[PDB]
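Each remark here refers to the structure printed beneath this line.
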Amino acid sequence: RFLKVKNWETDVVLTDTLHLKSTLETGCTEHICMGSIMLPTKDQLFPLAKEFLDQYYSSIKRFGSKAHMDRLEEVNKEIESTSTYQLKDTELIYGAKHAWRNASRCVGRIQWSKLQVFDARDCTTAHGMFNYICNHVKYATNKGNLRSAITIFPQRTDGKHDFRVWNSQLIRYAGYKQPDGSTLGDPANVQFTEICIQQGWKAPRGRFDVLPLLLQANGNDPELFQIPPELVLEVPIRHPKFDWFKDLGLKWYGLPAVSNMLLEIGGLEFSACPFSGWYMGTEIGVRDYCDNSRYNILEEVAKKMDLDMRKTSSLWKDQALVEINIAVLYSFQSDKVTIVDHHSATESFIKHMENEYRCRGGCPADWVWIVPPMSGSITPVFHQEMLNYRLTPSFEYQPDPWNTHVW
Amino acid sequence: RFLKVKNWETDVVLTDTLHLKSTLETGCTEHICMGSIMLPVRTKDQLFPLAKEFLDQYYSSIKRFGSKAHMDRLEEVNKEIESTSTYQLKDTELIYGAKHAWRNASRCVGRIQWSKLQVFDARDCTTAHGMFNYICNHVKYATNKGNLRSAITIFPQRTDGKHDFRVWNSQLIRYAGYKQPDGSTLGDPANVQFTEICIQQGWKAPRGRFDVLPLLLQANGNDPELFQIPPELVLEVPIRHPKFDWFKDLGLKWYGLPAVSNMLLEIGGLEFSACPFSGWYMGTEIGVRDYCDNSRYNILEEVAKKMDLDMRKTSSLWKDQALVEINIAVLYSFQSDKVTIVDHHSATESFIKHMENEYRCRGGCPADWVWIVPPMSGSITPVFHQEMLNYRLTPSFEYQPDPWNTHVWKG
Ligand code: HEM
Ligand code: HEM
Ligand SMILES: CNCc1ccc(-c2cncc(CCc3cc(C)cc(N)n3)c2)cc1
Ligand SMILES: CNCc1ccc(-c2cncc(CCc3cc(C)cc(N)n3)c2)cc1
Ligand SMILES: C[C@H](O)[C@H](O)[C@H]1CNc2nc(N)[nH]c(=O)c2N1
Ligand SMILES: C[C@H](O)[C@H](O)[C@H]1CNc2nc(N)[nH]c(=O)c2N1
Ligand SMILES: [Zn+2]
């Protein structure tokens, strides 16, 4: 019941007591571990609200106080009456920051308390959504000095009036299936790109076309908007030693901004809550550029390096992988756009874990996602035991809109 | 119940039914996952059903389930348990059990080879000297002059837990570690404590950076005894780099034969506390973990120095760059000396084929993603994108406590 986690590189042992406050389920049982699986009413609402308000008032050292009991009272009344309730600005900011704090798959959580929360609950139309999102993008980008931010749109009511951003990320590149049979641009976005076209987009059918926003307000049919190009900061990718690297024509966007998740706070559901931080290098260089189901450029780069691609045991893939990731970091740094390498980011996370164990009694963590997709065991997180569990407030996955939307 | 796993690179979906045959616990609950945790005297009472379950599995596999031979054997084992409080496996059952323990090892990426295992029955062994002989023969057989062959040697099963056979070495072949007065370490830092035990037991340490440790062998619950493996039986490989001529001057070598000797083999409820087994290396075990872990030989610095990489900013990825060259050298060196080794690309590709095969013919393949994905270049290998279910089947290999913590010394 009081669990220990060991670091096998440093022999340091931490005791987790925070997991006892876990509410949601893991997918695992005593018979089977699903640790590597990607996706494993009035009555219900009040205890959820209560649990949240309890931890909120605890956090501001006013547990069991007049203000605490009064607020509990007021929300209890509002639920009984309106079948839902509205968060105070203070509770919203707290809940959003803690949703990030609780994101067990996020390596960047040392920054959790420095989140800019944009309250967009007064939004009523897709054009308003577009305005709010442009402002978010401009604020977060900050001319390359990236700042964490989240924009929170109205909460779900009867499920028939959902606000949704249909894009998976605010900024991503289009994908087109070729008559050649191959794929132009980002293969991961072919389906979404078609929906844009099926909704009326005018695709420039290029390799790095920034997708339009598909925004859905109040359960209405979604609408298309183009983000002002001058708000999308991009970085041309070059290598500090290989001059030929630029001729690959590679670039990527500066702002990683997830827009398809659901923010749960005190039982309330925010179906549209785009949030953003800044990249860890490997997200671009390892996953985006080198996955076989993505831009898959390993072979092209290896060839330019004149490596022996006869035998896998020459580790040509590995050698090119490193150089690509060198170039990404180099390119971002040179253009003064915030980025963190996997060594720095994972070192930060260990320090954050130790902070969380000390001041909170634990830190939920998903090793499968926290360990970088290259060079894993030379980062300190590899040797760090982690316990994974689900605390609320939380970011949750939700069904893709097109599979749900009643047109 | 049915369980699906998805490969996110290929969209291949597989259905697991084998997990229904799972008995042991995982450590996880509905409220916590312990998937990244390293480590999460038996009465006749609990022994009959474990024996029965195993023999049902055995006779099913040979297509003789429910036969008179099956029924006679159950009867025979039953009587033997209630008479003697234990029982003995037939040779056929032992071989089956050992192969299936490997087949079931959810942390092992090399399992495509599970059916080709050489099983050495040492259940007639009675002394440490006899253990030494059996282990020498295993090492010679497995090594096969560099053409490695998988093998396992099985010493007598536990009885009352007061007469255990144990190999005190974690692996049959390993280098000594010496903690210096100034706090530095000579040799392999992982083996400092075991080295000290050996020294206390009378081992004369050469005190070099690559001294092969003596065997410390315990038979029938007696105090362990020291034995030196004949050097001519210990195949080693000098590490050099195909393009970097200064790499040889680092003075590195490694042994060819990975042989785990501290685990417990469970078969039909019986416990084999000494069951050394060996295969061949995947490159990264040596080049990533053995050489580059901060808690091991830790040579990233010197290699990066000699490469003249920019070492002031970690964002130069000088650590990653050095790591790759070292792993190139390890593979190159083994291949050049014709000692069996497999790169992490080949090994993970084979495991996926194995896994898919197992789903089709067996209804599953328990696998621990945390261990299966290699310690470098994870997502450019096919296993990274593969969803896996982890559960525990028997026969199995299990961890057991270090013997120096539990042994009652005779004197
Ligand atoms: C500011 C610097 C940040 C860094 C360096 C960072 C880093 C990462 C990385 C590398 C991942 C793995 C995701 C993948 O590989 O696809 C991740 C996941 C995640 N991050 Fe963070 N992140 C940052 C900011 C944030 C912020 C501001 C939030 C929320 C307010 C957040 C919430 C999450 C969540 C919920 C996941 C899981 C995503 C999923 O399941 O798809 N992150 N992060
Ligand atoms: C024949 C080629 C083999 C290869 C390439 C291979 C590969 C590996 C690797 C890379 C690991 C992880 C090692 C680590 O990082 O500590 C491992 C673990 C393991 N292997 Fe295999 N192995 C092979 C043979 C065998 C054999 C013959 C057996 C048993 C008969 C076996 C049983 C296991 C077990 C039980 C583990 C888990 C170790 C632990 O929990 O500490 N393997 N294997
Ligand atoms: C085959 N899979 C392709 C694919 C899968 C998942 C994703 C993805 C989708 N949504 C979110 C992410 C998380 C990335 C992220 C988010 C944030 C806030 C910061 C950061 N550094 N990185 C990743 C992209 C592409
Ligand atoms: C971190 N302390 C050093 C260390 C600790 C444990 C191990 C280790 C422990 N148990 C099992 C292993 C398996 C290694 C292996 C075994 C076999 C049969 C084949 C193979 N290729 N590799 C390795 C190695 C090194
Ligand atoms: C804490 C964590 O589970 C530990 O470092 C694991 C990670 N994955 C591993 N994978 C392999 N093959 N071998 C290991 O020793 C480890 N160590
Ligand atoms: C199947 C496996 O869980 C899947 O490939 C995971 C592994 N680890 C990951 N880790 C991160 N950070 N992001 C991912 O998308 C994944 N994918
Ligand atoms: Zn689990």
Side-chain angles (χ1 to χ4, degrees), chain A residues 1-6 14-40 102-107 261-262 264 353 361-371 381-382 384-392 394-398, chain B residues 1-8 13-40 104-108 355 358-359 363-373 383-394 396 398-399:
Chain A
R1 167 155 198 163
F2 286 57
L3 294 177
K4 288 178 161 38
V5 281
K6 171 168 173 171
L14 303 176
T15 304
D16 189 282
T17 64
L18 180 70
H19 71 282
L20 300 176
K21 299 175 194 292
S22 167
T23 38
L24 303 170
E25 290 168 7
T26 56
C28 300
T29 80
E30 326 88 48
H31 289 277
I32 184 159
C33 170
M34 293 209 161
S36 71
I37 308 302
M38 190 94 70
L39 326 153
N102 297 337
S104 67
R105 291 183 165 166
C106 179
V107 70
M261 295 190 77
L262 184 147
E264 187 190 323
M353 258 189 83
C363 178
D366 185 344
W367 191 103
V368 171
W369 276 63
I370 297 282
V371 174
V381 286
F382 182 96
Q384 178 68 61
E385 290 181 345
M386 299 167 194
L387 290 166
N388 195 23
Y389 48 93
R390 313 228 304 166
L391 308 169
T392 53
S394 63
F395 294 110
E396 306 288 350
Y397 303 110
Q398 55 180 340
Chain B
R1 212 184 310 105
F2 298 92
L3 284 180
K4 303 180 308 162
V5 292
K6 177 173 184 176
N7 184 292
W8 285 88
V13 178
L14 303 178
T15 305
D16 188 288
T17 51
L18 180 58
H19 71 272
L20 304 169
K21 300 292 183 190
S22 177
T23 46
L24 316 178
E25 294 173 334
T26 60
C28 302
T29 81
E30 276 83 334
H31 289 111
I32 199 151
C33 175
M34 313 240 299
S36 69
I37 308 294
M38 188 96 58
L39 325 163
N104 293 337
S106 64
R107 296 183 161 170
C108 174
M355 188 187 174
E358 289 286 77
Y359 268 81
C365 180
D368 187 338
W369 191 101
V370 170
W371 275 64
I372 294 294
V373 181
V383 289
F384 179 95
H385 311 269
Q386 180 68 55
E387 293 186 345
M388 297 171 193
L389 293 167
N390 195 20
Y391 46 91
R392 286 171 70 209
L393 298 174
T394 52
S396 63
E398 306 288 350
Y399 296 116

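Residue numbers begin at 1 in each chain, while the letters A, B, ... track the order of the sequences.
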Heavy-atom pair of closest approach, residues [X] and [Y]:
| X | Y | value |
| --- | --- | --- |
| B:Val5 | B:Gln386 | CG2-NE2, 4.1 Å |
| B:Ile372 | B:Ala367 | CG1-CB, 4.5 Å |
| B:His31 | A:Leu24 | CD2-O, 3.7 Å |
| A:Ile32 | B:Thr26 | N-CG2, 3.6 Å |
| A:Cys28 | A:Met34 | SG-N, 3.3 Å |

Backbone N/O of [Y] and side chain of [X]: donor-acceptor pair under 3.5 Å:
| X | Y | result |
| --- | --- | --- |
| B:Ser106 | B:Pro366 | no |
| B:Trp369 | B:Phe384 | yes |
| A:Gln398 | A:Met261 | yes |
| B:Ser36 | A:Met386 | yes |

side-chain contact (heavy atoms from CB on, under 4.5 Å) assessment of B:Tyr359 paired with B:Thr15 | CA-CA 7 Å; B:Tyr359 268 81; B:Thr15 305; 5.7 Å; no
**OP:** Evaluate the side-chain contact (heavy atoms from CB on, under 4.5 Å) criterion for residues B:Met38 and A:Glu385: first the C-alpha distance (whole Å), next the side-chain angles of each, then the deciding distance (0.1 Å), finally the verdict.
**Re:** CA-CA 7 Å; B:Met38 188 96 58; A:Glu385 290 181 345; 3.4 Å; yes
When rounded to the nearest 0.5 angstrom, what is the spacing between [atom1] in [X] and [atom2] in [Y]?
| X | Y | atom1 | atom2 | value |
| --- | --- | --- | --- | --- |
| A:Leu3 | A:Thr17 | CG | OG1 | 10.0 Å |
| B:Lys21 | B:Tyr391 | NZ | OH | 12.0 Å |
| B:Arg1 | B:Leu20 | CZ | CG | 6.0 Å |

B:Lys6 meets the salt bridge (charged side-chain N to carboxylate O under 4.0 Å, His left out) criterion, sequence neighbours left out, with B:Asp11
Salt bridge (charged side-chain N to carboxylate O under 4.0 Å, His left out) filter on B:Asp16, not counting sequence neighbours, yields none
Inset, instruction - Answer yes or no: are there more than 12 heavy-atom neighbours, outside A:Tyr397 itself, under 6.0 Å from its atom OH? - result: yes
Have B:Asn104 and B:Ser396 got a donor and an acceptor in their side chains that come within less than 3.5 Å?
-> no
>> Apply side-chain contact (heavy atoms from CB on, under 4.5 Å) to residues A:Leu387 and B:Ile37 and explain how you reach the verdict.
In response: CA-CA 8 Å; A:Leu387 290 166; B:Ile37 308 294; 4.0 Å; yes
From the list A:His19, A:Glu396, A:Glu25, side chain to side chain donor-acceptor pair (under 3.5 Å) with A:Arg390 holds only for A:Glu396
